[PDB]
Engineer: 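Sending over a structure as structure tokens; questions will come in a sec.
Quick note: residue numbers are just sequence positions, from 1. Both counts, for ligands and for their atoms, begin at 1 and track the order of listing.
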Amino acid sequence: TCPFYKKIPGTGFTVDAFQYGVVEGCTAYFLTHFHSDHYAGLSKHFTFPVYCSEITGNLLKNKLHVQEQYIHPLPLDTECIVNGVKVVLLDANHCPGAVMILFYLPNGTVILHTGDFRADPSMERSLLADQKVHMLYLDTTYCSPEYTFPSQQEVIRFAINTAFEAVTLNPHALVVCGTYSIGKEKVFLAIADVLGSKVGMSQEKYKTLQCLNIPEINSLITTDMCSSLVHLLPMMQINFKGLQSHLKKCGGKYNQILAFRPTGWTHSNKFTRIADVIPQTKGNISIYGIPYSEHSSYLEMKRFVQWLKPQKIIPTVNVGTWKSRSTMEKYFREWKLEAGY
Ligand SMILES: c1ccc2c(CN3CCCCCC3)c[nH]c2c1
Ligand code: NI
């Protein structure tokens, strides 16, 4: 059964609700982004209207084989009418194609659903500036003050400088980056750019990247592993055993591996700064865990909500325990009392 926090009141709409069969009363299914916990249930046999971004629609058609007649892509930053209700899609600063959805209810209520997002001050100058928002369905992934991490720009500077130093010292070193979903493409693209290389990957991963409308992509990625010194592998293979095995396959072209695992937050953020990050090393293999987040930090989330001043907040993450729900509710009240709304 579909949970209450995936239903939009006063409409026939659900959000990220594809794993519950036919939802009673649902005339249109919205999909915020192409991550598996959100699309779970979609396939070539789905026959209801799906509303999403252009990029998300490309992935639905090519990766899940959803029939074109049921895919309804909408442009961003543009007022659209869906089943008699005005809606707007806004960039979520998450992965490629990810959106927030603004719903203008017939009765005058305005609802913002953030999907998954990384809050940024630039959102304060979008179409959100124009009107009041009554209810906020919020990505609360990191809603506690221990969740600190650096800017994406600082993390990429560290990665570029690290990779460039290592390969300039040893021209026979290979760089490897882990992936298991779309998102965080800047990590591998920025490293390849500084090294003058294309990024090598499987046919399946190449297909996925070709769906993302990234400018000049044909100049940056390849399926020819032998021509490339930046390789993408499944996140599960980024360990000493898996990387040793990969180095064997490269046929003595390389004699060292520098590997990156772009996690979200890990507890080592509480002690260390990005500049002081060090790898785990065994022989000629080194692995860096880098805190590249596509979700709001606690402080970023707090700033966004105190700017927006919603009348009611509905969390969409960490909803399953009473301890998590109580913790989040206490922070929402603090934020309201500090700001005066
Ligand atoms: C999500 C986040 C930010 C924005 C903006 C604000 N823009 C300011 C102008 C300079 C750079 C572009 C960004 C418009 N729509 C958005 C959706
Ligand atoms: Ni996501």
Engineer: Check for me: within less than 2.8 Å of the Ni ion (ligand 2), which protein N/O/S atoms show up?
Structural biologist: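 You should have found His33 NE2, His35 ND1, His94 NE2, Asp116 OD2.
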
Engineer: Could you label the plane-to-plane angle of the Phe48 and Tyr29 rings as parallel, tilted or perpendicular, counting under 30° as parallel and over 60° as perpendicular?
Structural biologist: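 Tilted: the ring planes of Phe48 and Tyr29 meet at 30° to 60°.
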
Engineer: Which class fits the ring pair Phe304 and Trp307: parallel under 30°, tilted 30 to 60°, perpendicular over 60°?
Structural biologist: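 Answer is tilted, since the angle falls between 30° and 60°.
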
Engineer: Could you tell me whether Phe260 and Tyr288 have their ring centroids closer than 6.0 angstrom?
Structural biologist: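 Ring centroids of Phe260 and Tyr288 are less than 6.0 Å from each other.
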
Engineer: Give me the ring orientation class for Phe34 and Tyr39: parallel if the planes are under 30° apart, tilted from 30 to 60°, perpendicular past 60°.
Structural biologist: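 Ring orientation of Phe34 relative to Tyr39: parallel.
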
Engineer: Using a strict cut-off of less than 4.0 Å between a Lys/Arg side-chain nitrogen and an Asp/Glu carboxylate oxygen, indicate whether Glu334 and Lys302 qualify as a salt bridge.
Structural biologist: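 No salt bridge links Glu334 with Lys302.
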
Engineer: Do we see a donor-acceptor contact under 3.5 Å between the side chains of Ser227 and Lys198?
Structural biologist: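 Result is no, nothing qualifies.
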
Engineer: Do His94 and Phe117 have their ring centres less than 6.0 Å from each other?
Structural biologist: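 Centroid separation for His94 and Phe117: 6.0 Å or greater.
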
Engineer: Could you tell me if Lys184 sits above the aromatic ring of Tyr292, with its cationic atom closer than 6.0 Å to the ring centre and no more than 45 degrees from the axis?
Structural biologist: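 Ring-cation test returns no.
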
Engineer: Could you pull out the closest heavy-atom pair between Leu229 and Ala173, with the gap in Å?
Structural biologist: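 Answer, listing the atom of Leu229 first, then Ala173: CD1-O, 4.4 Å.
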
Engineer: Heavy atoms under 4.0 Å from ligand 1: which residues qualify?
Structural biologist: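 Contacting ligand 1 under 4.0 Å are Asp77, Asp91, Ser122, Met123, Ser126.
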
